[PDB]
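Chemist: Going line by line, the protein sequences match chains W, C, X, G and Y. Taking our numbering, the leading residue of the first sequence gets 1, the next gets one more, and so forth. Taking our numbering, the leading residue of the second sequence gets 371, the next gets one more, and so forth. Taking our numbering, the leading residue of the third sequence gets 741, the next gets one more, and so forth. Taking our numbering, the leading residue of the fourth sequence gets 1111, the next gets one more, and so forth. Taking our numbering, the leading residue of the fifth sequence gets 1481, the next gets one more, and so forth. The structure is given below, and queries will be raised subsequently.
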Amino acid sequence: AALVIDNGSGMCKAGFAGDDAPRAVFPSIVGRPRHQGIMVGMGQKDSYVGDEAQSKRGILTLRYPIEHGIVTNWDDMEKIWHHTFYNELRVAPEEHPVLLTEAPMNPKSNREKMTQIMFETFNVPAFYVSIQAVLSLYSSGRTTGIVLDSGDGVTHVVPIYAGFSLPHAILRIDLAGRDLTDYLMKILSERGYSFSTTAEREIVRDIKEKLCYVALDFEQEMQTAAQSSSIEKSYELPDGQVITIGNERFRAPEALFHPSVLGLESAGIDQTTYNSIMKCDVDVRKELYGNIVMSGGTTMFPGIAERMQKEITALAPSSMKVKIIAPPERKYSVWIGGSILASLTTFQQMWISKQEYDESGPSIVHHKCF
Amino acid sequence: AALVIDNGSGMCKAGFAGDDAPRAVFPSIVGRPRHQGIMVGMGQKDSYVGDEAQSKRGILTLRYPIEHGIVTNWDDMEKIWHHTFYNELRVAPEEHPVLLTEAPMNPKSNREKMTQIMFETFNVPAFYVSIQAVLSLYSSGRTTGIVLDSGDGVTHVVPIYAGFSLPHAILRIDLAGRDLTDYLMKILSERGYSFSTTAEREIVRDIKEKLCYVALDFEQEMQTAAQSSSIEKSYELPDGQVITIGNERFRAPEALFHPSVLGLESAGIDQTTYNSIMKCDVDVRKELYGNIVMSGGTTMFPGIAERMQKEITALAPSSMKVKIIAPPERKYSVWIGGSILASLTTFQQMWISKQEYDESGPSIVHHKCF
Amino acid sequence: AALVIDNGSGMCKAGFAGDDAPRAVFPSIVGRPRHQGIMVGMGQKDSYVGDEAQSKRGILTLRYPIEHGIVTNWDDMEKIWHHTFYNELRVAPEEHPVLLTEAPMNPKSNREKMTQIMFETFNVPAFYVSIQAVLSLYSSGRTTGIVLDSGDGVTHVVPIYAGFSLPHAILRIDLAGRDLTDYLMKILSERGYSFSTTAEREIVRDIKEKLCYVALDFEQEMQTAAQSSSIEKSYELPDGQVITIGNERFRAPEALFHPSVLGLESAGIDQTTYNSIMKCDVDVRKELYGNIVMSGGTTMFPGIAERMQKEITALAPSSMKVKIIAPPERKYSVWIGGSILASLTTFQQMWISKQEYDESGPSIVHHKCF
Amino acid sequence: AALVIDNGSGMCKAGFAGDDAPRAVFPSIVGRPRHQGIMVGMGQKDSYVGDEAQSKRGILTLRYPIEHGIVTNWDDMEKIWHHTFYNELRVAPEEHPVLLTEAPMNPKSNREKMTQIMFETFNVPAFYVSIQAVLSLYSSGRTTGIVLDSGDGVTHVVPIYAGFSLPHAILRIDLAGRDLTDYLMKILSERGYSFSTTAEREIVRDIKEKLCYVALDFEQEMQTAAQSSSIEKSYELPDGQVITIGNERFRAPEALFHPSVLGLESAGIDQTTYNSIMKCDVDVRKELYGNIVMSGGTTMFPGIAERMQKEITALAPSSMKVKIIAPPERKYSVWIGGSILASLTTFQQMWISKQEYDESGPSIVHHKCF
Amino acid sequence: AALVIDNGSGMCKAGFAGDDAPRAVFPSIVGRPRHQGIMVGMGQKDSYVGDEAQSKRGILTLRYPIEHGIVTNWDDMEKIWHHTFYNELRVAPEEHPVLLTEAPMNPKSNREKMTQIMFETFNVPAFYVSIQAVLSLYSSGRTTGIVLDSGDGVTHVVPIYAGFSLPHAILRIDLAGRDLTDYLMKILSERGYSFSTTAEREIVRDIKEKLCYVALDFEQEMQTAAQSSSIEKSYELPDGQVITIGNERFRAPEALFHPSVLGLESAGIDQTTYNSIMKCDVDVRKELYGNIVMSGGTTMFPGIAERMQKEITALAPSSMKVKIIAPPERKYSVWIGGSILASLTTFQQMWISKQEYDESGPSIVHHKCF
Ligand SMILES: Nc1ncnc2c1ncn2[C@@H]1O[C@H](COP(=O)(O)OP(=O)(O)O)[C@@H](O)[C@H]1O
Ligand SMILES: Nc1ncnc2c1ncn2[C@@H]1O[C@H](COP(=O)(O)OP(=O)(O)O)[C@@H](O)[C@H]1O
Ligand SMILES: Nc1ncnc2c1ncn2[C@@H]1O[C@H](COP(=O)(O)OP(=O)(O)O)[C@@H](O)[C@H]1O
Ligand SMILES: Nc1ncnc2c1ncn2[C@@H]1O[C@H](COP(=O)(O)OP(=O)(O)O)[C@@H](O)[C@H]1O
Ligand SMILES: Nc1ncnc2c1ncn2[C@@H]1O[C@H](COP(=O)(O)OP(=O)(O)O)[C@@H](O)[C@H]1O
Ligand SMILES: [Mg+2]
Ligand SMILES: [Mg+2]
Ligand SMILES: [Mg+2]
Ligand SMILES: [Mg+2]
Ligand SMILES: [Mg+2]
C-alpha cells in the first residue's frame, strides 16, 4: 500500500493509505539555534523539527519552509520529509509509493523540484501529486461541489462538477492562517502583548486556534464589546501572565471577509466564491450553490460556516438552495481524501514509476499529474 | 410488429408500431467533454446522449448531428439510433423491421447512407423510409390535405390529394425551431441575457417552448407592449436569475411570417402555403384550402393557427372555406402516423428486405421508398 | 465642427472632428482611494482619472466602468466624459455636437441612458452614435468589407457590403484585451510573478502590449521554446525585478484561435469570421474574403494578420483571393473614421438635435441611430 | 498659535508653533533622592527634572518614564509636561492648543490616558496627537517617502505615499538609543569601565553621542582595529580618568544591522526597511526606494546613511535609484514638522476641542487622531 | 587526569579532577609583614599564604589579590597558584592540564594575562577556563536552569537553557561576601566592637559565617528584636571578650534584598533574577522559574532560599511553579562541576594546548574559551 503526505503549509500530515485518520501530525517547521551551545556536555544538534522545535522555541529561530504553497527553502524542506519517513512513521521510502499535494496553479518549477527530490534523494519507487481540493472532495464522496481549502499558506476556491475541473474558474487568495495570525499579533499590540519574535508568533497561533470566533454581524458584536465585559475572555500566557482579549477574538477573523483591513485588495473568501461560481456556465451553478465544502484549519473557526451562509445567500438570488457543508473532519480532510484515492485500483495505474521518471525526469509530471 | 423512429431533427421519437403514443422521446443530440476529467475515481465517458446530455450541458459541448434534415455527422448520429435501440427501448434491432423519416427533397446521398447503416451496422431485417408529411396526414386519417411540418430543422409544405403527391408543388423552407431560437437569443441580448454558449442555446429553447406566443396583429401588440407592463412576463433562469421578457415573446415567432427580420429572402409559411396551393391545378384548390394540417413542434405556439387563418383568408379569394386543423397531437403526429402505417397489412409488402438490399444495396431505395 | 469620442472599453480616445489623428488618449478608468489620506497637508481627492490613475495605482483600486461594452457604473463613467470635456480637450460641450460609439447589438437600455446623460447633464446641442465597425471601415475608405474590431472589452465581426449592413450575420465574441490579459496573468503565475492585485493587472497589460506575439504554428514554436533560450526575453518590472517570459509571450495570444484554453466555448476570431461570411449570401462572399480589415488594439499584435491569413485560407476554398488589410492606423481607426464621418455635409442632417430629444427623449435614438 | 511638544522618549522637545527651531530641549527624565538630606539648612526637594537632574546624578536615581514609547509611570511623567509648561516655556496651557506625538501602533490605552491628563489636569483648550513619522516627513516637505524614526525608545519604519499611509506595512523595532547604550555599556565592561549604575548609564549615553561611528565594512574595520592604534581614541571621564575606547566605538552601532549580537531576533533597520517596501504594492516601490528620510537621534551617527545606502542597494534590484536623505535637522525633525503642521489653516479644524472631549472624553481621539 | 582550580575570590579551592569533593581549600590571601622581624634567630619570611596567614593576622597586613573577580595584584596572585601546586597538592603543573574559572563578562585583559601566566611561568601542558555558573550547573546535572553564584567578590545571575547561554540576559552585581562583611563591620561599630583593621576584618567574616541568618520578614524580626532578648546571641572574640550581636545578625544579610542600605543603586539578587528571567524569551520562562540553583558561600546563609522563594513568588505571576534548589554542596559546587567537566571525553578536545598557545599566545583563548 502507498503512503500519503499532505505537506500542509503549516503542519505536515502523514500516514499509511487506506486509513481514515492520519497517523502523524506535526508542525512543518525547522529550528535553527541562534545562541551558543557552550554546555558541551550535552548532545545538541544544529537542527530541530516539529515537536522538538515547539519545545525549544526560545532557543531557536523558526522558519516555515513553505510559504503560500511555495517551497522557498528546499534544504530545510527536505528535513521535513526526512523526519516524516525515518523518525515519525519509521518507514523505508523505497518500500511504498508516496502521494503529495500542492496548491492549485502553483509555480511549475516547484513540482519538478519536488519530484526530483522524491525520485533522487528518497529514491521512492513511484510517485504522484494531486491538487488538494480534489482529495478534500473525495473525503466527502461528493463529485459535484466547490471546495474552499484554507490552509496556513493559501486559501483557494476550486469548483468541480461530476468529476471535471473548470480551471478557467479556479481562483486563489493569499489570505491564510499565517497572515491572519500576523494581523492578530498586530491588534494585540494595542494592548501590551507586543510579541513579534518568531518564537512568540507561534504562541499567537495557539491563541487563535483556541479563542477566536467569527461574528455573524460585525457591527453588532463590536457594539456589544463596546458595551459589555462578556466577550473579554482571559488566556494564560506560558509565563503565567494573564492576557485579556476582547473584540480582537473576532476582529481578526473578520479579515477573511473584509481583507481591506489587512490591506489586501483581493476580496474575501465569500465574494471570491461567488465570483468563481459566476465564472462557470449557468448549466451548473445550481449544484455549486450546494456542496460548498469547507477544508483546512482556517475553516476551523466556529461560526464561519454561518457567516458564509449569510453572505452567499445575500449575493445569490433568493430561492436558491445555498447549502454549506462543514464536516468535523475538516482539519484532516485533505489527508483523508488522499488515503481514499490511494486505495482505488484504477488509480494504481495513475502512479508515475521509477522507470517513467528515469525516462524523462521531472518534466514528465506535467503530462499526467493533476 | 415493426418499430417506428421519426429521427426528428431536434428530438428523436421512437416506439413500437401500433401504439397511439410514442414510448420514448429525447433530444437528438450528443455531448462531448471539453474539460479534463481529472476526478479519476468516477466512471466518466467520452460521450453522452439525451437526458444525460441535458443534465451536463455546462460540462459539454452540444452538437445537433441533424441540420436542416441533413445528417452532417454520421459517427455521432449512429449513437442516437444506438441509444434508441439498446438503452431506451431495449430492443434487438434484428427482431423488428424499422421505419424512418426524412425531409422532402432531402439530398439523395443521405438516404443511401442511412439505409447502409441500418442494414450493415444494425443489421435490421427489413427497412422503409417515408416522407414525414405523409405520415402526419395519416395521423388525422384525411387523404386530401396540405401539411405544414415545421420541426427543429426544416419547415416544408406538401400537398396531397386523395393519396396522390404533387411533387411539382412541394416547397421547403430553412426556417425552423433552431434558427428561430437563434433569433430569439439575439434579441434577448439587447437585454443583458447574452447567452451564446452552446449550453445556453438549449435554455433559450426551453424558454421559447414555455413562453412565446404568436400575435394576431404585430403593430397592435407592439403598441401594447410599448404602452403596458402586462406582456412582460418573468422567467426563472436555472441560476435563479430573474429574466423579464417583453415583446420578444412574440417578436421572435413573428419571423415565421416576416423572415426578412431574420434576413432570409424566402417568404413566410403562409405565403409559401398560398404559393404551393396555386402551383396545383384549379381542380383541387378547394380541398387544399380545407385540411391545412399543422405538424411538428414549431406549430406548437399558441395563436399560430389563428394567424395562419387570417393570412390565408387575406390571400385566398373570399367565399372560400379556409379551414385550419391543429390537433393537440401535433408534437407527436409524425410518429403517430408512422405507427398507423406499420400496422397496415398491404404495407407489409412495402418493406425493403435484407435480401433486396443484399441484391442491390442502398441504391435500391430510390425505386420503392417515397 | 463636431467632436468625436470613441469611448473605447479600455482607453478613451477623443478629439475634434476633421483631424486625421486623435488629440487625446488616456485609459478609460477611475481611481478610488483604499487607504487613509492622513497627510492632511496635501490637497488629495477622492477620485482620479487616467494618467493620474496610472501614476497612483498602488494607492488606488482601479475599476473599468466599461465591461464588454456595457456601462456597468454610470456614476464613475460620467467622470470619463467629464474629464474628457473639461480638462483634456478643454471644450465646452454646449458648443459642439458630439459623436459616440458602441458595440454592436449592445443592450438597448444603455444607449438610452447614454443619450440621457449627453442631453441632460452635458446638455450637448446635438448627438449621434454609430457602430464602431462602420467608422473603422470609413477609416480605409472601402465600402465593401468585413471588420474585425477587437477592443479591450469585445471582439466582433461585422460584414458590410457596398454600404449595407447584414445584421443577420453580425457576430460578437467576449474575448478581448482584458480577458486575454487575465489569462496571461494566470500563466505567468506558474512562474513567481503572481500579481493579481488590480494594480498589477495594469502592468500585465503593458507587458502584453510590449512583448507578446502570435505564432504562425503553435506546435512549432512550442517545440522551439522547449528546445531554445531564444524566445525567453526579459522584462523590467517597475520595482527593478527581472522577469523572464518564455512561450507565454505567444501561448497567451493563441487563445484568440483556441479559446478552449480560456474555457470559452465560442470559437476563435478566424472561425467566427468564416461563419459570418458563410451566413451571407453567395452573391457577396467574394468581396468578403477580400477586405478583411483589422481594427482595435487586440489586432496590434505582430504576426496576427499572418495567422488569420493562413487560417482563413485553410477554411476557404482555394483559388479564393483571401486578403487581409492591417493598416498601422489600427489602434486609432475607430476615431479616424468618426472624424471622417463628422465632416460629411449630408451627415450633418443625421444628427439628433436638442429639439428632437426634448420631443421624445432617449427612445428617439432607436429610430435613426445605427 | 498652538504649542508643540514631541515628548521624545529620551529628551523632551518643546516650543511655540511656527518656529523652525525648537525653543526648549531637555532630557525627559526625573530624579529621585536615594540619600538622606540631613543638611536641613538647604531648600532641597524630593524631585528633580532635566538639567537639575543631570547636575545631580550621583545623588539621584534616574528613571525614564517613557519606555518604548509607553508611559509606564504617569505620575512622574506628569512632571515632565508640568516643567515644560510652567518653568521652561513659562506658558499657561489654557492659552494654547497643544500637539503631542506617539509611536505608531502604540497601545491604545495610553493615548486615552494622555488625552485625559491634557484635558483634565492641564485643562488645555484643544488638543491633537500625530504619529511622529508624518511630522518628520513634513519637515522635508516631501509627500512620497519612507521614514526611519529612531528615537531613544523605538525605531520604526513607516511608508507614506502622496500623503496616504499604508498601515499594513508599518513595522516597528525595539532597538533604540537606550538599549544600544546598554550594549555599549556591556562591551566597555570588558575594559575596566564597568559603570552600571543608573547614574553612569547617562554618561555612557554622552560618550556614544560624542564618539561612536558606523563602519562601512565590519570585517574591514575590525581588522584595522586589530592591526592599528588609530581607532583607539581617548575620552575624559568626569572624574578625570582617561578611558580608551577602540573598536567598541563602532562594534556597538553595528547592532542596528546585526541585532543578533544584542540577542534580538528581529532584523536590523535596513532589512526591516526592505521588508516594509516589499509589503507595499509594486505601483509605489519606485518612490519608496527614493526618499528614505532619516529621523531622530539614533540616525545622528556619522556614516550610518552610507551603510544604509550600501545595504539597501545590496537588497534592491540594481538600476533602482536608491537614495537616502539625511538632513542635519534630523535631531529636531519631529518638532519641526509639528511646528509646520500647526500653522496650516485647514489643520485648525483638525484639533479636538474642550467641548468634544467633554462630549465623549478620551475615547473620542480614536475617531480623528492619527 | 586534569586538575581543577576554582580561584574563588575569597578562598581558593583545588584538587584532582574526577573527585566529588575538593581536596584542598584555603583563603586566597597573602600576608605581608608590617613589623620588624628583629628576632633574627627565627627563619621568618617576607610572605605568608592561607593557613599561615590566618595564624599570623596580627603581624600581617592582609590583601585579597582578587577583587570583584579582577586580579588587581598579579605578583601576589601568582603565589596563590604557586602554593596550590607546589605545597598544597604537591603536584607538578607540567604533568596535568588545569582548569580555571572566572566571573562572567570579566575584563578581557585578565583572561589573557592569566593564560600567559599559566603557559609561561607554570608551563602547564594544556589549559581551559570556564564561566563558574556553567560548572555549578553541571554540579546538579541539570541543563535547564538559572544560577545565582554569589562568591566573596561578585554575585551574578546567568540563565542557561538546554545547554545554551543567553548572554543578552547575563547580569552581575557587585554585592558579595566581602562588601557584606564590610557592612556588618559598620553596624557592629554602633556597639563597641569597632574593629576596622584588616586583621579584624577577617574575624568579622568568621562571625558572619557562624551567626548570621536571613529574615523571612524584616519588619517582623525587627519588631521581635526590639521586643525580645532571644535573638541577641553571644559570640567569643579570640581575646575572650564577649560580644553580643542582636538584630545585626540579620540586618546585615538583608542588604542582599535592599542594597540601598549599603548605598548601591542596583537592586537585590531577587529583583535582578526576575529582571534576567524577563529578559529571556517567553518560550523558556517556565523552566527558568524552576531550577533556581544557588551557588557559592553567600548562598550559605540559612533562610536565604525561603526569602528568595517568597520574593520571586511575589514577583512572578501566580500559578507559576517557582522552585528553588539549595543543595548542601553549595559551598563547593563550582569545583564539583569542574571536576565533572574534566572527566568528559569529548571535553578532552576542548583544552587549549601548549602548541596552540605557542601558535597565537593569549589572544587565542577568546576563540574557544567560554
Ligand atoms: N481551531 C482553529 N481555529 C482557528 N484556526 C485554526 C484552528 N486550527 C488550525 N487553525 C489554523 O489552520 C492552520 C493549519 O491549517 P491547514 O489546513 O493544516 O494548513 P496546511 O494544510 O497548509 O498545513 C493552523 O496553522 C492555524 O493557523
Ligand atoms: N410548445 C412549444 N412552443 C414553441 N416551440 C416548440 C414547442 N415545443 C417544441 N417546440 C420547438 O419544436 C422543436 C421540435 O419540433 P419537432 O417537430 O419535434 O422537430 P423534429 O421532428 O425535427 O424533432 C423543439 O426543439 C422546439 O424548438
Ligand atoms: N501593441 C499591442 N499589443 C497587444 N495588445 C495591445 C497593444 N496595444 C493595445 N493592446 C490592447 O488593446 C487594448 C485597447 O484596444 P482598443 O481597440 O483601444 O479597445 P477600446 O477601443 O475598447 O479602448 C489595450 O488595453 C490592450 O489590451
Ligand atoms: N550624535 C549622536 N550620536 C549617537 N546617538 C545620538 C546622538 N545624538 C542623540 N543620540 C541618541 O538619540 C537619543 C535621542 O533621540 P530622539 O530621536 O530625540 O529620541 P526621542 O525623540 O524619543 O527623544 C539620545 O538619547 C541618544 O541616545
Ligand atoms: N556559612 C556561611 N554563612 C555566610 N557566609 C558564608 C558562609 N560560608 C561562606 N560564606 C561567605 O562566602 C565567602 C566565600 O564564598 P565563595 O563562593 O567561596 O567565593 P569564591 O568562590 O569567590 O571564593 C566567604 O568568604 C564568606 O564571606
Ligand atoms: Mg493542507
Ligand atoms: Mg419530426
Ligand atoms: Mg474602441
Ligand atoms: Mg522624538
Ligand atoms: Mg568560587
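Even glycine gets a Cβ: it sits at the ideal position worked out from N, Cα and C.
#1: Do residue 1804(Y) and residue 1757(Y) have their CB atoms nearer than 8 Å?
#2: For residue 1106(X), does the count of other Cβ atoms within 10 angstroms reach 16, so buried, or fall short, so exposed?
#3: Taking residue 1796(Y) as the query, report the chain W residues whose CB atoms sit under 7 Å from its CB, ordered along the chain.
#4: Residues of chain G with CB closer than 8 Å to the CB of residue 186(W), please, in chain order.
#5: Run the proximity test for residue 1729(Y): is its beta-carbon closer than 7 Å to any non-hydrogen atom belonging to ligand 5?
#6: Where does residue 1541(Y) fall in DSSP's three states?
#7: Within 7 Å: the Cβ of residue 652(C) and any heavy atom of ligand 2?
#8: Would you call residue 1465(G) buried or exposed, if buried means 16 or more other Cβ atoms sit within 10 Å of its Cβ?
#9: Measure from the alpha carbon of residue 413(C) to the alpha carbon of each residue in 143(W), 230(W), 223(W), 331(W), then state which is nearest.
#10: Report whether the distance from the Cβ of residue 1486(Y) to the nearest heavy atom of ligand 10 is below 7 Å.
#11: Examine ligand 6 and report whether any of its heavy atoms sits within less than 7 Å of the Cβ of residue 334(W).
#12: Kindly indicate the opening and closing residues of the alpha helix (DSSP H) around residue 913(X).
#13: Would you mind working out which of 1513(Y), 1520(Y), 1842(Y) sits nearest residue 1528(Y), comparing C-alpha positions?
#14: Using a Cβ cut-off of 9 Å, pull out every chain X residue sitting near residue 569(C), in sequence order please.
#15: Considering only the beta carbon of each residue, do residue 1121(X) and residue 1010(X) sit closer than 8 Å?
#16: Leaving out the 5 sequence neighbours to the left and right, which residues in its chain are closer than 6 Å to residue 1406(G) when beta-carbon positions are compared?
#17: Any heavy atom of ligand 1 within a distance shorter than 7 Å of the CB on residue 205(W)?
#18: Quick one: grab the DSSP three-state call for residue 574(C).
#19: Under the assumption that residue 190(W) contacts residue 1217(G) (Cβ atoms under 8 Å), give the Cβ distance between them as a whole number of angstroms.
#20: With 8 Å as the limit, tell me which residues of the segment 1115 to 1145 of chain G have their beta carbon closer than that to any beta carbon of chain Y; keep them in chain order.
#21: Which runs of the alpha helix (DSSP H) at least 4 residues long sit entirely within the segment 920 to 990 of chain X? Give them in chain order.
#22: Counting only beta-carbon separations shorter than 8 Å, does residue 574(C) have a partner in chain W?
#23: Inspect the CB distances between the segment 562 to 574 of chain C and the segment 426 to 435 of chain C and report whether three or more fall short of 8 Å.
#24: If you scan the segment 9 to 84 of chain W from start to end, which runs of the alpha helix (DSSP H) of 4 or more residues do you find wholly inside it?
Modeler: By the coordinates alone:
#1: No, these two residues do not count as a Cβ contact at 8 Å.
#2: Burial call: exposed.
#3: Within 7 Å of the CB of residue 1796(Y), the CB atoms of chain W belong to 240, in sequence order along the chain.
#4: Those within 8 Å of residue 186(W) in chain G are 1215.
#5: Distances taken from the Cβ of residue 1729(Y) to the heavy atoms of ligand 5 include none shorter than 7 Å.
#6: Residue state, collapsed to three classes: strand.
#7: Residue 652(C): no, Cβ never under 7 Å from ligand 2.
#8: Answer is exposed; the Cβ neighbour count stays below 16.
#9: Nearest C-alpha to residue 413(C): 143(W).
#10: Yes, the beta carbon of residue 1486(Y) sits closer than 7 Å to at least one heavy atom of ligand 10.
#11: Checking the Cβ of residue 334(W) against ligand 6 gives yes.
#12: Run containing residue 913(X): none in the alpha helix (DSSP H); it sits in the beta strand (DSSP E), 911 to 913.
#13: For the set 1513(Y), 1520(Y), 1842(Y), the Cα lying nearest the Cα of residue 1528(Y) is the one of 1513(Y).
#14: Chain X residues near residue 569(C): 1005.
#15: Coverage of chain X is limited to positions 741 through 1110, which leaves residue 1121(X) absent and any answer about it impossible.
#16: Apart from sequence neighbours up to five positions away, the residues of its chain that approach residue 1406(G) with a beta-carbon distance below 6 Å are 1259, 1260, 1261, ordered along the chain.
#17: Answer for residue 205(W): yes, Cβ within range of ligand 1.
#18: Look at residue 574(C) here: in three-state DSSP terms it is helix.
#19: Contact holds; Cβ gap of about 5 Å.
#20: Listed in sequence order: 1144, 1145.
#21: The qualifying runs are 938 to 951, 958 to 966.
#22: No, because no Cβ of chain W sits closer than 8 Å to the Cβ of residue 574(C).
#23: The segment 562 to 574 of chain C vs the segment 426 to 435 of chain C: in contact.
#24: As far as the segment 9 to 84 of chain W is concerned, its whole alpha helix (DSSP H) runs of at least 4 residues are 50 to 55, 74 to 83.
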